[PDB]
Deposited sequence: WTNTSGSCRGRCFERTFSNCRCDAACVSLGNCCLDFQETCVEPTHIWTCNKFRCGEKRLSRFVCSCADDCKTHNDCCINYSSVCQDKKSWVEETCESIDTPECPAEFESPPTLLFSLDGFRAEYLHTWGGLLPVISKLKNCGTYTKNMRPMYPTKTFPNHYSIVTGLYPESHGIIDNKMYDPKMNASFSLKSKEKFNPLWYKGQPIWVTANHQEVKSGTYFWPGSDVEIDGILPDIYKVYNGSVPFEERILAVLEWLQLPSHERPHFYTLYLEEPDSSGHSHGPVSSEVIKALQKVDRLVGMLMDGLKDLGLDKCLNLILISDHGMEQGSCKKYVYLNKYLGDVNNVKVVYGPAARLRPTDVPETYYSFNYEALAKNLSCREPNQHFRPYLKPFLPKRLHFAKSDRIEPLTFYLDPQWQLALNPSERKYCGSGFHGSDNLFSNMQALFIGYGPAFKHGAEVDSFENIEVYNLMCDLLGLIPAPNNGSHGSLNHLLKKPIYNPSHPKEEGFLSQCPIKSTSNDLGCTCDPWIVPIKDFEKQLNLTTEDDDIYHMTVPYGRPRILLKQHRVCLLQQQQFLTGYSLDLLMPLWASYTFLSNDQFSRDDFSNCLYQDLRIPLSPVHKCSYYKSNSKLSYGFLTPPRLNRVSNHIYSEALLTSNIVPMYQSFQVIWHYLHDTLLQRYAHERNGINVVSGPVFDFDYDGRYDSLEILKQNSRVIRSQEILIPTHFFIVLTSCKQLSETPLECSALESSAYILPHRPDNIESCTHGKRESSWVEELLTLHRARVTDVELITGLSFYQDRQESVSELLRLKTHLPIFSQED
């Protein structure tokens, strides 16, 4: 009886043949295996379905941005964001090197492209042999290291021969046998491109790929290793149906110009022709402004590289062009109709939160639970997972180590909460009392737990000076070094102008006075905690609850609290809110040091002001609608990092439909709670009852669009 014909068998303890001390780990990749394939065509894929039912499976695996083969395949084995491991796209360019990159190029085998540290390099440093077959980065030697058994990419090699090749390696002597293995197939990406996600060729391809995995499992069984191997069946990205009618050509707004180069696709980037002479000299800002809101319902959007949604993490690399393009689903962009390969073929590269860009993940073996279905997770988390399976100390990566502990029978690493590095001090009443020049028209522990019911946010900043200011409706963490609130937490239940009051607990700043703010300048002040809380709550008008805010952003911020927040409190039976300013001028995704902070403090209206690049907001509710935010059994988080812009060009306010464009901006800039943590240097939910591993799972979550 073949492996697919046998029923499920619990592999609680690894049953290994002699010469084996611990089960090896194979990473099997199927390029272009969209997550929707297995959801719908499970009955046509008997082998893969058994792996799903007897292993650890996830409905959707979120890939990196852009959704291309090389960046993702390399992000899997490095656990790094594409902006950090160097491989931004299949075709890209580095200005500092004056060299282009391609899969079919001599530049591909250049070690100067590949940053970070892949798993086979990690295994090599810790005396673990590794045998790869066609994995991106396996052909090239990184840090002077090559896998003990490798094969230079040759797409002509038949699939059946690839499986047998790995099977031959598994039989090597105990001293010369690799412990980590890789496998790569071009299907169903190839069939996906040429005929579309919904075709007879993909069904024929899926069945071909399904039987091929079945060949491997029967082969493992004949070697007596079917219950002694850890298999991770993964993919790089999904597949979306492109259309000729749904394609964007830049020439229509610019003309048949030759001063600019466009890397076509759903994640288009633009660089000047005179390169690297004008790579930086070229002002991209003008081109972006000249390209925004040209169509009534534009299916693309010009983005300066730091102005992209932070959830994408697609800015801090030399190879990423300073001008990028975000497109609606099923749409691609190019300069001229001649550059593109074809328009009505299956494509990929769209937003990694899109439904059809989602990838596959099935963990099977003695180390994985049987028939366990877990929530969605990013592919950068897999790197740490493999380190635990190979007993390796992971290189510094972007994955939350331990967040995938729920997948394993016996978890190897037990994570802990980050220690508080902030110098926490106290602010009593010391400075009374300046005149603010404002016109106004006519025990403690019990009130604490109501505002921070999951525990106060911990200050991960080193070594920032932070004060805790307690109020009757909210608790706010105030910064003494920046003289503005870092965060403000309050609980908003289901149903419950030019004036300000000086907070005598904080030192007076010239920007606290209403006299500082004129009605002509676009810069004004906003509240972290809404004043319309619970007559009117007056402590929200405290000086320590205001932050410098553009007037254009006030359009989004007020509607966020006056309309959406109240609606969300009814739908989710109340919400706990933590809000604050974001300062990331070097657009690296992490909080800025005091040094770079002093460099970006502009001066406006005769006063020095550090103005926020973004504003974060984390909404927490109960998973059980019967419970209020003060009595949650399980949490329900959703974070947002809203861009602080002087204008709403991104939104195309033109047409004046305010209730529409705002929510679309909110949904677009949703982010992981971890993302907020990384960018503010704060740690949430530390006093929450769930374990650390559970909390990591919660904080790294993002919803899939459509």
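Participant: Extract from the deposited sequence all ranges with no corresponding C-alpha coordinates, numbering residues from 1.
Facilitator: Residues missing from the model, as numbered along the full deposited sequence, span 1-87, 530-545, 600-606, 645-648, 821-823.
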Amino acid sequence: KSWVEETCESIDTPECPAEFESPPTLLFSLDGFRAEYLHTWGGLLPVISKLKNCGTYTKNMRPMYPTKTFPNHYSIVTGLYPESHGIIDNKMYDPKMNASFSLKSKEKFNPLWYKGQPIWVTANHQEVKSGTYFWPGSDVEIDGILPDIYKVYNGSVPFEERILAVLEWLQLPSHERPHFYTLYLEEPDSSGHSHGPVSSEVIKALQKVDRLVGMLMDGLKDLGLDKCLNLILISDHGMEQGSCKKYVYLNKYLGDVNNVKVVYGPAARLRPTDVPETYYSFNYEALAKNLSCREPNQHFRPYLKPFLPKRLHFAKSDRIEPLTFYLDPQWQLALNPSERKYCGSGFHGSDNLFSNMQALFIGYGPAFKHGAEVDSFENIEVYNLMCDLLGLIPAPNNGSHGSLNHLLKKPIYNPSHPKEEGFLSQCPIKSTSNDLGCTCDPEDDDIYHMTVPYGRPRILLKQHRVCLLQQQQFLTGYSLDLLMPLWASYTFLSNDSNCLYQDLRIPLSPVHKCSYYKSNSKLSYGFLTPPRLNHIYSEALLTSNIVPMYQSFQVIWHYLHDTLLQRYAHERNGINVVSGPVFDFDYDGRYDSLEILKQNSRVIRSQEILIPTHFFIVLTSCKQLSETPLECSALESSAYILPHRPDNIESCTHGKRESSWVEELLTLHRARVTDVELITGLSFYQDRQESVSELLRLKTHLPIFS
From here on, numbers count along this sequence of modelled residues.
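Participant: Test of understanding: from the entry's C-alpha B-factors, which stretch has the higher mean, 350-358 or 281-289?
Facilitator: It is 281-289.
Participant: Tell me which stretch has the larger mean Cα B-factor in this entry, 433-441 or 551-559.
Facilitator: On average, C-alpha B-factors are higher across 433-441.
Participant: Maximum C-alpha temperature factor per the entry, among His406, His449, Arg269, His195, belongs to which one?
Facilitator: Checking the PDB record, the top C-alpha B-factor among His406, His449, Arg269, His195 is at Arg269.
Participant: Check the PDB entry and point out which of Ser593, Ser621, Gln207, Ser479 has the largest C-alpha temperature factor.
Facilitator: In this record, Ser479 carries the highest C-alpha B-factor of the candidates.
Participant: Place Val662 in the lowest, middle or highest third of its chain's C-alpha B-factors, as listed in the PDB entry.
Facilitator: Tercile = middle for this residue's CA B-factor.
Participant: Sorting the chain's CA B-factors, does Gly242 end up in the lowest, middle or highest third?
Facilitator: For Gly242, whose C-alpha B-factor we compare with every modelled residue in the chain, the answer is the middle third.
Participant: Taking the entry's C-alpha B-factors for this chain, is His175 in the lowest, middle or highest third?
Facilitator: Highest third, going by the recorded CA B-factors of the chain.
Participant: Can you tell me whether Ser637 has a C-alpha B-factor in the lowest, middle or highest third compared with the other modelled residues of the same chain?
Facilitator: Middle third of the chain for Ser637's C-alpha B-factor.
Participant: Is the Cα B-factor recorded for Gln689 in the lowest, middle or highest third of its chain?
Facilitator: It belongs to the lowest third of the chain when residues are ordered by C-alpha B-factor.
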